[PDB]
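One structure below.
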Amino acid sequence: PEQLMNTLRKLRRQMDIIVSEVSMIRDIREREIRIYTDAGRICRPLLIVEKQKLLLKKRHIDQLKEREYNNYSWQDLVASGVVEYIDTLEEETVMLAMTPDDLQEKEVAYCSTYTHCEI
Amino acid sequence: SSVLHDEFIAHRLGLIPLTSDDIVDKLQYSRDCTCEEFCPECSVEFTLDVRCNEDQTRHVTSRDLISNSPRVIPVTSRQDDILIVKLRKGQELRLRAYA
Amino acid sequence: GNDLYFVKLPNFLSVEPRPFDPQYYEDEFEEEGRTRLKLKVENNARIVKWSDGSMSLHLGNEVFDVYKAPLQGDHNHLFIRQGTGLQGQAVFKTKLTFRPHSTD
Amino acid sequence: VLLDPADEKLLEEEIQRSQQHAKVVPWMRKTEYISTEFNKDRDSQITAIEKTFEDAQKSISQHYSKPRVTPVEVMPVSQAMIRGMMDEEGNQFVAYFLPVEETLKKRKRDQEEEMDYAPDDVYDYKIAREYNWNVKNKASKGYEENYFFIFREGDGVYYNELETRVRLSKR
Amino acid sequence: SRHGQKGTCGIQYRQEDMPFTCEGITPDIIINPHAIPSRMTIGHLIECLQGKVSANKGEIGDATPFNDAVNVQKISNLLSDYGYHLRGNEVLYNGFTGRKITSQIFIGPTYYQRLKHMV
Amino acid sequence: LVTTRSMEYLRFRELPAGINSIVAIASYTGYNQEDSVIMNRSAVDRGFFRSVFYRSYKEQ
Amino acid sequence: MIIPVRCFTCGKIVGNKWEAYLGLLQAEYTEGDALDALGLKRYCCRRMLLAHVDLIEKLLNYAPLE
Amino acid sequence: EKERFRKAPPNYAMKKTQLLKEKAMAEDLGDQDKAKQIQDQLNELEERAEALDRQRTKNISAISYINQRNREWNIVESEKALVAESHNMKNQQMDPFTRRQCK
Ligand SMILES: [Zn+2]
Ligand SMILES: [Zn+2]
């Protein structure tokens with residue numbers, strides 16, 4: 001299940017096989033992977049965290065600042081594996097920083113294993 | 001037929017200051033004047049007659065309040081004039097007022 | 001000469017893989033029919049590099065903006081598999097490494 | 001008549017303050033008002049397919065949405081792209097490797113794997129039958145087609161679109 | 001107001017009767033101090049302070065909640081630059097007698113709402 | 001005069017609901033005492049929070 | 001909706017400054033230097049122009065006729 | 001009879017005339033009627049946009065230009081304020097705010 005979660009996630013971050021609204025939950029303690037695609041699941045976008053850097057880098061900000069002028073859009077942030085719709089049952093399993101400069105900087109580490117960051 | 005209802009127009013006209021530097025000491029309070037309507041001894045008549053017959057958004061301003069007395073005029077007539085309404089093509093505002 | 005010129009045009013902007021030649025073109029296609037003829041008439045291309053570091057795929061007076069957006073999950077070694085020898089020579093030109101989709 | 005600016009300033013008695021409204025402050029901003037705009041036939045086909053070929057060579061100085069960005073340069077435009085797994089980091093070419101040229105071969109012929117597999121050849125940078133990774137170009141383009149490829153063919157009007165998105169592994 | 005302070009207009013005093021600062025700035029709305037201490041709507045006080053900064057500074061202050069770029073001391077520092085008391089207090093004069101009020105009064109721009117509940 | 005950034009997207013600065021008023025937090029005359037406000041009558045005379053109420057009656 | 005004729009708090013005519021305000025902003029005066037240049041000193045007058053939302057420009061998008 | 005000699009699309013409801021032209025274009029499988037509809041619709045669109053700008057021509061143009069330049073000059077002001085965030089001693093030791101930093 002360490003390959004499935006990384007692949008299903010990669011595919012969400014590529015918008016191709018799995019649409020963004022799909023939520024894959026990996027229950028570690030009980031060996032269960034639950035994938036929900038149905039309707040009515042409230043979700044919210046979160047910045048993705050990888051290692052400890054964000055994927056949202058100055059490239060995306062610059063491109064998105066000239067948006068409309070370059071017709072970049074939020075959909076390009078989604079389809080660049082930079083932001084991800086997390087939903088309350090997958091939120092069970094994210095480790096969610098709250099801002100980068102607060103929570104991922106090299107303080108005496110709280111966790112250092114953030115998967116996502118509040119936008 | 002401006003986008004502002006009449007009480008709003010009337011209210012705005014109320015707040016336009018008038019150059020009553022002298023005439024205020026001449027005029028009676030209307031409550032005290034003995035005449036059945038307004039008269040030039042207890043009031044100053046004003047007219048506004050503006051229609052926006054052009055594409056450009058007509059600004060109705062205190063420059064369009066025409067007094068019946070060259071000494072009681074809106075301050076900005078004697079800088080920019082006080083905006084009373086912006087009018088679209090074909091909208092109009094005709095009214096007369098007394099101060 | 002050996003620079004990445006990969007483009008990922010969508011279905012409605014599918015440019016012909018070969019130059020426009022009068023002996024390879026024919027009329028088979030006709031608001032409903034307006035999008036149909038567009039497939040084989042407007043779509044050989046050129047890409048303009050702007051000063052702002054963006055580019056646009058033109059197809060003439062039209063302009064579709066493109067980003068050279070990365071595609072490291074599909075860094076395919078794009079090569080001229082022109083069918084010579086066995087299975088083609090697959091001349092090593094530029095590794096396809098992007099997913100540039102034209103948009104208005 | 002002589003009129004120096006240094007003499008013009010001495011004509012006045014005293015005319016020559018603070019600007020502290022302008023100060024940049026990260027907890028403060030600016031403001032925003034109300035704008036108005038915010039968030040068939042073959043003789044025609046020949047000319048239409050022959051105009052883009054002519055008019056793309058004209059002088060360009062403008063951008064569609066906001067003619068304020070000046071162009072710099074122009075990039076003019078079968079194929080078979082060996083996809084690679086990002087974990088295995090397959091090194092089909094000598095560019096992912098350290099040297100600029102094949103230290104173990106000279107001709108990376110896309111020899112076929114067999115007779116019943118024309119697209120699913122075995123692309124490998126091995127001029128010998130040994131001492132190279134057997135990169136079986138498995139038929140992944142059958143379920144992973146496509147993507148158009150082009151090159152600076154001396155500023156020529158051509159195309160080299162990919163046939164399939166074939167992908168190889170360490171066999 | 002935006003901070004759950006609510007109240008009926010209890011009386012209306014003409015400008016001559018309202019208290020006034022050194023310049024003739026009379027309040028528009030005088031609310032009783034006792035609204036604050038039990039309710040601890042300190043967001044209301046900080047709104048008033050930063051609104052007074054914004055109106056002098058001449059641009060709209062940021063009150064996004066969790067913005068550590070904003071704090072009361074930083075606002076007070078700015079407010080003191082415009083020649084006001086750094087905590088927003090002012091000497092008011094009683095409108096009736098003109099005597100200075102011995103307590104300096106906290107006065108400044110705050111965003112009030114008028115609710116559908118008219119009498 | 002002070003906004004969250006979030007109320008940009010709420011479009012509150014285009015369809016706002018309220019007036020920035022020079023509030024004073026003072027007891028003054030005591031007519032503002034238990035959760036009450038003293039308003040400026042002269043501000044009201046100038047149009048402070050003046051509103052219009054439209055009631056539509058439909059009959060066929 | 002439209003600019004108030006008088007600053008509610010004090011009384012200064014601000015109803016003849018809105019188009020001037022915007023023109024000064026179009027000269028790219030900073031937002032408080034526009035107010036300093038119109039002559040609004042008291043923060044009570046300044047919040048008349050800073051806070052004003054000129055919705056009448058949107059109301060005039062709707063046609064009565066033409 | 002009245003609509004026979006008097007044209008309608010220049011009426012204030014030009015959006016409705018464009019919707020009707022779009023419906024007539026979509027309803028037709030003939031390319032000739034579709035191209036005539038496209039031409040008529042483009043002409044009416046240009047005419048209506050010209051009239052909209054003409055009424056937008058004064059004062060509306062001015063507030064459009066100020067909003068569009070204001071947002072860009074605000075972006076410039078924000079980026080300069082951002083580099084002004086590099087200044088030291090812009091925060092106070094008297095705990096005017098606090099943030100967690102556990103473990
Ligand atoms: Zn009389
Ligand atoms: Zn004032």
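Just so we're on the same page: first chain in the structure tokens is A, next is B, and so on; residues restart at 1 for each chain, and ligands are numbered from 1 in the order they show up.
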
**Message:** I'd like the neighbourhood of stretch 2-17 of chain G as a PyMOL selection string, where a residue qualifies if any of its atoms comes within 9 Å (using only C-alpha atoms), though same-chain residues fewer than 2 positions away should be ignored.
**Reply:** (chain B and resi 4+12-13+15-17+61+76+79-86) or (chain E and resi 15+24-28) or (chain F and resi 21-22+40+42-48) or (chain G and resi 19-22+38+40+42+44-49+52-57)

**Prompt:** Looking only at the backbone, which of the residues in stretch 16-100 of chain C does DSSP tag as helix (DSSP H, G or I), as a ChimeraX atom specification?
**Reply:** /C:34-41,72-74

**Prompt:** Quick one: distance from atom CA of residue H:81 to atom CA of residue G:23 in Å, one decimal?
**Reply:** 24.7 Å

Quick one: residues within 8 Å of residue C:30, only C-alpha atoms, excluding same-chain residues fewer than 4 positions away - as an mmCIF file with N, CA, C and O atoms, in the first residue's frame?
```
data_model
loop_
_atom_site.group_PDB
_atom_site.id
_atom_site.type_symbol
_atom_site.label_atom_id
_atom_site.label_comp_id
_atom_site.auth_asym_id
_atom_site.auth_seq_id
_atom_site.Cartn_x
_atom_site.Cartn_y
_atom_site.Cartn_z
ATOM 1 N N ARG C 36 -16.312 21.660 -36.928
ATOM 2 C CA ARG C 36 -15.839 20.478 -37.643
ATOM 3 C C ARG C 36 -14.791 20.854 -38.684
ATOM 4 O O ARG C 36 -13.694 20.283 -38.707
ATOM 5 N N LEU C 37 -15.112 21.815 -39.553
ATOM 6 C CA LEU C 37 -14.173 22.218 -40.594
ATOM 7 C C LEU C 37 -12.912 22.828 -39.993
ATOM 8 O O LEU C 37 -11.839 22.762 -40.604
ATOM 9 N N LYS D 40 -18.042 21.845 -47.168
ATOM 10 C CA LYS D 40 -18.421 23.177 -47.627
ATOM 11 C C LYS D 40 -17.856 23.446 -49.021
ATOM 12 O O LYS D 40 -18.594 23.469 -50.004
ATOM 13 N N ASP D 41 -16.543 23.651 -49.100
ATOM 14 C CA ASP D 41 -15.883 23.944 -50.364
ATOM 15 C C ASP D 41 -14.384 23.780 -50.175
ATOM 16 O O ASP D 41 -13.870 23.919 -49.061
#
```

**Request:** Name the residues, by chain letter and number, that sit within 7 Å of ligand 1 using only C-alpha atoms and all ligand atoms, and give them as a ChimeraX atom specification.
**Result:** /B:30,33-35,37-43

**Asked** Quick one: DSSP strand (DSSP E) residues in chain B, as a PyMOL selection string?
**Response** chain B and resi 45-51+58-61+66-67+83-87+92-98

Each residue of chain E with at least one atom at most 12 Å from chain G should appear once, together with its nearest atom pair and the corresponding distance in Å (one decimal); atoms considered: only C-alpha atoms; ordering: chain, then increasing residue number; output as a tab-separated table.
```
residue	atom	partner	partner_atom	distance
E:14	CA	G:9	CA	10.7
E:15	CA	G:10	CA	8.0
E:16	CA	G:10	CA	10.7
E:18	CA	G:9	CA	10.6
E:19	CA	G:9	CA	11.8
E:20	CA	G:10	CA	10.1
E:21	CA	G:42	CA	10.8
E:22	CA	G:42	CA	10.9
E:23	CA	G:42	CA	8.0
E:24	CA	G:10	CA	6.9
E:25	CA	G:10	CA	6.0
E:26	CA	G:9	CA	6.5
E:27	CA	G:9	CA	6.9
E:28	CA	G:9	CA	6.0
E:29	CA	G:9	CA	9.8
E:50	CA	G:43	CA	11.9
E:51	CA	G:47	CA	9.0
E:52	CA	G:43	CA	7.0
E:53	CA	G:43	CA	8.7
E:54	CA	G:47	CA	8.5
E:55	CA	G:43	CA	5.0
E:56	CA	G:43	CA	5.4
E:57	CA	G:32	CA	6.1
E:58	CA	G:32	CA	3.8
E:59	CA	G:31	CA	6.1
E:60	CA	G:50	CA	7.5
E:61	CA	G:50	CA	11.0
E:79	CA	G:43	CA	11.7
E:82	CA	G:43	CA	10.3
E:83	CA	G:42	CA	11.7
E:84	CA	G:43	CA	11.1
E:107	CA	G:44	CA	11.1
E:108	CA	G:43	CA	8.6
E:109	CA	G:44	CA	7.6
E:110	CA	G:47	CA	10.3
E:111	CA	G:51	CA	9.9
```

Output N, CA, C and O atoms for every residue in that selection, as a compact mmCIF listing (two decimals), in the first residue's frame.
```
# COMPACT_ATOMS: atom_id res chain seq x y z
N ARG E 14 -27.53 66.80 18.71
CA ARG E 14 -26.96 67.57 17.62
C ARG E 14 -25.47 67.76 17.83
O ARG E 14 -24.93 67.55 18.91
N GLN E 15 -24.80 68.18 16.76
CA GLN E 15 -23.35 68.36 16.81
C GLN E 15 -22.94 69.31 17.91
O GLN E 15 -21.89 69.13 18.54
N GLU E 16 -23.74 70.33 18.17
CA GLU E 16 -23.44 71.25 19.26
C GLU E 16 -23.41 70.55 20.61
O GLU E 16 -22.67 70.97 21.50
N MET E 18 -22.91 67.05 21.20
CA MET E 18 -21.94 65.98 21.31
C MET E 18 -20.60 66.52 21.78
O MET E 18 -20.26 67.67 21.51
N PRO E 19 -19.81 65.72 22.49
CA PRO E 19 -18.46 66.14 22.84
C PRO E 19 -17.58 66.24 21.61
O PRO E 19 -17.87 65.67 20.56
N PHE E 20 -16.50 67.01 21.74
CA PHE E 20 -15.67 67.35 20.61
C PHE E 20 -14.20 67.32 21.01
O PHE E 20 -13.86 67.63 22.15
N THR E 21 -13.35 66.93 20.07
CA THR E 21 -11.91 66.95 20.28
C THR E 21 -11.38 68.38 20.17
O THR E 21 -12.14 69.35 20.14
N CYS E 22 -10.06 68.52 20.07
CA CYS E 22 -9.46 69.84 19.86
C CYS E 22 -10.00 70.48 18.59
O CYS E 22 -10.56 71.57 18.62
N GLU E 23 -9.84 69.80 17.46
CA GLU E 23 -10.67 70.12 16.31
C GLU E 23 -12.10 69.69 16.59
O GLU E 23 -12.39 68.90 17.49
N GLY E 24 -13.01 70.23 15.79
CA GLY E 24 -14.42 70.00 16.03
C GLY E 24 -14.91 68.66 15.53
O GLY E 24 -15.94 68.59 14.86
N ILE E 25 -14.18 67.59 15.84
CA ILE E 25 -14.63 66.24 15.52
C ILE E 25 -15.49 65.77 16.68
O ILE E 25 -14.98 65.37 17.72
N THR E 26 -16.75 65.78 16.49
CA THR E 26 -17.66 65.13 17.42
C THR E 26 -17.86 63.68 17.01
O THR E 26 -17.86 63.37 15.82
N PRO E 27 -18.07 62.76 17.94
CA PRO E 27 -18.41 61.40 17.55
C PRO E 27 -19.66 61.38 16.69
O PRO E 27 -20.45 62.32 16.69
N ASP E 28 -19.83 60.29 15.97
CA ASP E 28 -21.09 59.99 15.33
C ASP E 28 -21.94 59.07 16.18
O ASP E 28 -23.16 59.18 16.20
N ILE E 29 -21.28 58.15 16.87
CA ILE E 29 -21.90 57.13 17.70
C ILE E 29 -21.10 57.07 18.99
O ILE E 29 -19.88 56.87 18.94
N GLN E 50 -7.04 51.04 14.52
CA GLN E 50 -6.46 50.95 13.19
C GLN E 50 -7.28 51.70 12.17
O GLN E 50 -6.75 52.11 11.15
N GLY E 51 -8.58 51.83 12.39
CA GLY E 51 -9.37 52.71 11.54
C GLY E 51 -8.93 54.15 11.63
O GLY E 51 -8.92 54.87 10.64
N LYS E 52 -8.55 54.60 12.82
CA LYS E 52 -8.04 55.95 12.97
C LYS E 52 -6.68 56.11 12.30
O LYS E 52 -6.43 57.10 11.60
N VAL E 53 -5.86 55.07 12.37
CA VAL E 53 -4.64 55.05 11.58
C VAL E 53 -4.97 55.09 10.09
O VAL E 53 -4.36 55.84 9.34
N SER E 54 -5.87 54.23 9.65
CA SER E 54 -6.18 54.15 8.23
C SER E 54 -6.68 55.48 7.69
O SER E 54 -6.22 55.95 6.64
N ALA E 55 -7.61 56.10 8.40
CA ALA E 55 -8.14 57.39 7.97
C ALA E 55 -7.08 58.49 7.95
O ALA E 55 -7.17 59.39 7.12
N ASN E 56 -6.09 58.45 8.84
CA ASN E 56 -5.03 59.45 8.71
C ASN E 56 -4.00 59.05 7.65
O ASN E 56 -3.74 59.80 6.71
N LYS E 57 -3.43 57.86 7.81
CA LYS E 57 -2.54 57.27 6.82
C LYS E 57 -3.10 57.40 5.42
O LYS E 57 -2.34 57.54 4.46
N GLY E 58 -4.41 57.35 5.29
CA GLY E 58 -5.03 57.52 3.99
C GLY E 58 -5.00 56.27 3.15
O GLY E 58 -4.84 56.36 1.93
N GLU E 59 -5.11 55.10 3.77
CA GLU E 59 -5.41 53.89 3.03
C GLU E 59 -5.94 52.85 4.00
O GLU E 59 -5.73 52.95 5.21
N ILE E 60 -6.59 51.83 3.46
CA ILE E 60 -7.42 50.93 4.24
C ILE E 60 -6.57 49.92 4.99
O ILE E 60 -5.80 49.16 4.38
N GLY E 61 -6.72 49.88 6.31
CA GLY E 61 -5.94 48.97 7.12
C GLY E 61 -6.33 47.53 6.89
O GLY E 61 -7.45 47.21 6.49
N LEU E 79 -0.10 55.34 14.83
CA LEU E 79 -1.05 56.39 15.21
C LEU E 79 -0.35 57.56 15.86
O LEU E 79 -0.73 58.72 15.64
N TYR E 82 0.88 60.50 13.54
CA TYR E 82 -0.05 61.49 13.02
C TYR E 82 -0.42 62.54 14.06
O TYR E 82 -1.32 63.35 13.81
N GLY E 83 0.24 62.54 15.21
CA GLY E 83 -0.06 63.47 16.26
C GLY E 83 -1.28 63.16 17.09
O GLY E 83 -1.93 64.08 17.59
N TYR E 84 -1.61 61.89 17.24
CA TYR E 84 -2.67 61.46 18.14
C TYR E 84 -2.06 60.62 19.25
O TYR E 84 -0.95 60.11 19.13
N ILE E 107 -11.74 57.42 20.97
CA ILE E 107 -12.56 57.83 19.84
C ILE E 107 -11.83 57.51 18.55
O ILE E 107 -10.62 57.73 18.44
N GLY E 108 -12.57 57.01 17.56
CA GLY E 108 -12.00 56.73 16.26
C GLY E 108 -12.99 56.09 15.32
O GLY E 108 -14.06 55.64 15.72
N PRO E 109 -12.65 56.05 14.03
CA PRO E 109 -13.53 55.40 13.04
C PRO E 109 -13.73 53.92 13.31
O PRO E 109 -12.78 53.15 13.38
N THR E 110 -14.99 53.52 13.42
CA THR E 110 -15.35 52.11 13.45
C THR E 110 -16.50 51.89 12.48
O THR E 110 -17.41 52.71 12.39
N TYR E 111 -16.44 50.78 11.77
CA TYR E 111 -17.49 50.37 10.84
C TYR E 111 -18.75 49.93 11.57
O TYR E 111 -18.80 48.83 12.11
```

**Request:** Using only C-alpha atoms, find the residues of chain F whose closest atom to chain D is at most 12 Å away, then write them as an MDAnalysis selection string.
**Result:** chainID F and resid 1:5 8:9 11:16

Restricting it to C-alpha atoms, dump the selection as a PDB file, in the first residue's frame.
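And here's result19.pdb as it stands now:
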```
ATOM      1  CA  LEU F   1     -11.756  51.448   6.723  1.00  0.00           C
ATOM      2  CA  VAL F   2     -10.377  48.175   8.062  1.00  0.00           C
ATOM      3  CA  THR F   3     -11.065  44.975   6.165  1.00  0.00           C
ATOM      4  CA  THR F   4     -10.074  41.405   6.166  1.00  0.00           C
ATOM      5  CA  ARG F   5      -8.482  40.423   2.897  1.00  0.00           C
ATOM      6  CA  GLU F   8     -12.196  41.193  -1.088  1.00  0.00           C
ATOM      7  CA  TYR F   9     -13.598  37.985  -2.554  1.00  0.00           C
ATOM      8  CA  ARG F  11     -17.102  41.535  -2.889  1.00  0.00           C
ATOM      9  CA  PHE F  12     -17.905  43.556   0.209  1.00  0.00           C
ATOM     10  CA  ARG F  13     -16.162  46.696  -1.052  1.00  0.00           C
ATOM     11  CA  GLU F  14     -18.565  46.739  -4.002  1.00  0.00           C
ATOM     12  CA  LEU F  15     -21.813  45.981  -2.126  1.00  0.00           C
ATOM     13  CA  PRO F  16     -20.908  47.184   1.380  1.00  0.00           C
TER      14      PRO F  16
END
```

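If you count only C-alpha atoms and ignore residues fewer than 6 places along the chain from stretch 9-16 of chain A, what sits within 7 Å of it is residues 78, 79, 80 and 81 of chain A.
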
**Message:** Tell me as a PyMOL selection string which residues belonging to chain B come within 8 Å of chain H, counting only C-alpha atoms.
**Reply:** chain B and resi 55-57+88-89

**Asked** Got a sec to pull out which chain C residues are within 12 Å of chain A, counting only C-alpha atoms, and send them as number ranges by chain?
**Response** C: 50, 52-56, 63-67, 69-74, 98-104

**Request:** Enumerate as a ChimeraX atom specification the residues belonging to chain C that approach chain D to within 7 Å, with only C-alpha atoms taken into account.
**Result:** /C:1,5-8,17-19,27,30,41-42,44-52,59-60,63,73-82,86-90

**Asked** Quick one, how far is atom CA of residue B:10 from atom CA of residue G:1?
**Response**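 Atom CA of residue B:10 sits 15.2 Å away from atom CA of residue G:1.
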
Just want the 12 Å neighbourhood of stretch 34-42 of chain H, counted on only C-alpha atoms, with same-chain residues fewer than 5 positions away dropped. Output as a short mmCIF file (atom, residue, chain, number, x, y, z; two decimals) with N, CA, C and O atoms, in the first residue's frame.
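Contents of the output file selection.cif:
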```
data_model
loop_
_atom_site.label_atom_id
_atom_site.label_comp_id
_atom_site.auth_asym_id
_atom_site.auth_seq_id
_atom_site.Cartn_x
_atom_site.Cartn_y
_atom_site.Cartn_z
N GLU C 31 -23.07 26.60 -36.37
CA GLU C 31 -22.31 26.40 -35.14
C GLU C 31 -21.93 24.93 -34.99
O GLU C 31 -20.84 24.60 -34.54
N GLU C 32 -22.85 24.05 -35.39
CA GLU C 32 -22.62 22.61 -35.26
C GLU C 32 -21.49 22.16 -36.17
O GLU C 32 -20.54 21.51 -35.72
N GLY C 33 -21.58 22.49 -37.46
CA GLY C 33 -20.51 22.20 -38.39
C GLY C 33 -19.36 23.18 -38.38
O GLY C 33 -18.35 22.95 -39.06
N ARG C 34 -19.48 24.27 -37.62
CA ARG C 34 -18.44 25.29 -37.60
C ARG C 34 -17.17 24.78 -36.93
O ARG C 34 -16.06 25.08 -37.39
N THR C 35 -17.31 24.00 -35.85
CA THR C 35 -16.15 23.40 -35.20
C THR C 35 -15.57 22.22 -35.97
O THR C 35 -14.44 21.81 -35.69
N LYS D 40 -18.04 21.85 -47.17
CA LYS D 40 -18.42 23.18 -47.63
C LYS D 40 -17.86 23.45 -49.02
O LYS D 40 -18.59 23.47 -50.00
N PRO H 9 -32.46 45.07 -33.41
CA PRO H 9 -31.25 44.68 -32.66
C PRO H 9 -30.53 45.85 -32.02
O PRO H 9 -29.91 45.69 -30.96
N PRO H 10 -30.58 47.05 -32.62
CA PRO H 10 -29.99 48.22 -31.94
C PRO H 10 -30.74 48.65 -30.69
O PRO H 10 -30.30 49.61 -30.04
N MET H 14 -29.71 44.36 -26.73
CA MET H 14 -28.84 43.77 -27.75
C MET H 14 -28.36 42.39 -27.35
O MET H 14 -28.14 41.53 -28.22
N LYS H 15 -28.15 42.15 -26.06
CA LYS H 15 -27.84 40.81 -25.57
C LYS H 15 -28.90 39.80 -25.96
O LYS H 15 -28.59 38.67 -26.35
N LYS H 16 -30.18 40.18 -25.88
CA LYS H 16 -31.25 39.29 -26.32
C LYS H 16 -31.21 39.04 -27.83
O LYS H 16 -31.45 37.92 -28.28
N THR H 17 -30.92 40.08 -28.62
CA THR H 17 -30.76 39.87 -30.06
C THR H 17 -29.60 38.94 -30.37
O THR H 17 -29.69 38.10 -31.27
N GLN H 18 -28.49 39.06 -29.63
CA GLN H 18 -27.39 38.12 -29.79
C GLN H 18 -27.77 36.70 -29.39
O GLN H 18 -27.37 35.73 -30.04
N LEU H 19 -28.55 36.55 -28.32
CA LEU H 19 -29.04 35.23 -27.95
C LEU H 19 -29.94 34.63 -29.03
O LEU H 19 -29.85 33.44 -29.33
N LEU H 20 -30.80 35.46 -29.62
CA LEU H 20 -31.65 34.99 -30.71
C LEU H 20 -30.84 34.59 -31.94
O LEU H 20 -31.13 33.57 -32.57
N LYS H 21 -29.83 35.38 -32.29
CA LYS H 21 -28.95 35.01 -33.40
C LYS H 21 -28.18 33.73 -33.12
O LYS H 21 -28.02 32.89 -34.01
N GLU H 22 -27.70 33.55 -31.88
CA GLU H 22 -27.07 32.29 -31.51
C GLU H 22 -28.03 31.11 -31.63
O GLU H 22 -27.65 30.04 -32.11
N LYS H 23 -29.28 31.29 -31.19
CA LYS H 23 -30.26 30.22 -31.31
C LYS H 23 -30.56 29.89 -32.76
O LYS H 23 -30.69 28.71 -33.12
N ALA H 24 -30.67 30.91 -33.61
CA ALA H 24 -30.90 30.67 -35.04
C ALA H 24 -29.70 29.99 -35.70
O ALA H 24 -29.88 29.14 -36.58
N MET H 25 -28.48 30.34 -35.29
CA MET H 25 -27.30 29.65 -35.80
C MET H 25 -27.27 28.20 -35.36
O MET H 25 -26.96 27.31 -36.16
N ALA H 26 -27.57 27.94 -34.09
CA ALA H 26 -27.51 26.57 -33.58
C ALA H 26 -28.64 25.71 -34.15
O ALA H 26 -28.44 24.53 -34.45
N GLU H 27 -29.83 26.30 -34.33
CA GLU H 27 -30.95 25.54 -34.86
C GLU H 27 -30.71 25.06 -36.29
O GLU H 27 -31.34 24.09 -36.72
N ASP H 28 -29.82 25.71 -37.03
CA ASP H 28 -29.65 25.44 -38.46
C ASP H 28 -28.47 24.50 -38.67
O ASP H 28 -27.37 24.75 -38.16
N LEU H 29 -28.71 23.42 -39.42
CA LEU H 29 -27.65 22.55 -39.90
C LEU H 29 -27.05 23.01 -41.23
O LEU H 29 -26.04 22.45 -41.66
N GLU H 47 -21.26 46.66 -33.01
CA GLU H 47 -22.10 47.84 -32.81
C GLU H 47 -22.43 48.06 -31.33
O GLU H 47 -22.30 49.18 -30.82
N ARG H 48 -22.85 47.00 -30.64
CA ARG H 48 -23.22 47.14 -29.24
C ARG H 48 -22.01 47.47 -28.37
O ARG H 48 -22.13 48.26 -27.42
N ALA H 49 -20.85 46.88 -28.65
CA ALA H 49 -19.66 47.20 -27.88
C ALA H 49 -19.22 48.64 -28.12
O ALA H 49 -18.79 49.33 -27.19
#
```

Would you kindly report the residues of chain A within 10 Å of chain H, using only C-alpha atoms, as a JSON list (two decimals) with N, CA, C and O atoms, in the first residue's frame?
```
[["chain", "number", "residue", "atom", "x", "y", "z"],
["A", 65, "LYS", "N", 0.51, 35.73, -10.91],
["A", 65, "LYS", "CA", 0.35, 37.16, -10.76],
["A", 65, "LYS", "C", -0.01, 37.81, -12.09],
["A", 65, "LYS", "O", -0.85, 38.72, -12.14],
["A", 102, "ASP", "N", 6.23, 29.65, 9.75],
["A", 102, "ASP", "CA", 6.03, 29.23, 11.12],
["A", 102, "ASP", "C", 6.51, 27.80, 11.34],
["A", 102, "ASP", "O", 7.35, 27.54, 12.20],
["A", 103, "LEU", "N", 6.00, 26.86, 10.55],
["A", 103, "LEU", "CA", 5.95, 25.48, 11.01],
["A", 103, "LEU", "C", 6.98, 24.57, 10.38],
["A", 103, "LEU", "O", 7.30, 23.53, 10.98],
["A", 107, "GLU", "N", 13.10, 25.21, 13.55],
["A", 107, "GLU", "CA", 13.02, 25.18, 15.00],
["A", 107, "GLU", "C", 13.43, 23.80, 15.50],
["A", 107, "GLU", "O", 13.65, 22.87, 14.72],
["A", 108, "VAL", "N", 13.53, 23.66, 16.82],
["A", 108, "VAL", "CA", 13.60, 22.32, 17.40],
["A", 108, "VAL", "C", 12.30, 21.62, 17.01],
["A", 108, "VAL", "O", 11.21, 22.02, 17.42],
["A", 109, "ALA", "N", 12.42, 20.59, 16.18],
["A", 109, "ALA", "CA", 11.32, 20.18, 15.33],
["A", 109, "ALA", "C", 10.11, 19.75, 16.15],
["A", 109, "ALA", "O", 10.23, 19.02, 17.14],
["A", 110, "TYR", "N", 8.94, 20.21, 15.73],
["A", 110, "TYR", "CA", 7.69, 19.65, 16.23],
["A", 110, "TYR", "C", 7.44, 18.27, 15.63],
["A", 110, "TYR", "O", 7.21, 17.30, 16.36],
["A", 111, "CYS", "N", 7.47, 18.18, 14.30],
["A", 111, "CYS", "CA", 7.30, 16.90, 13.62],
["A", 111, "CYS", "C", 8.25, 16.80, 12.43],
["A", 111, "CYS", "O", 8.85, 15.75, 12.19]]
```
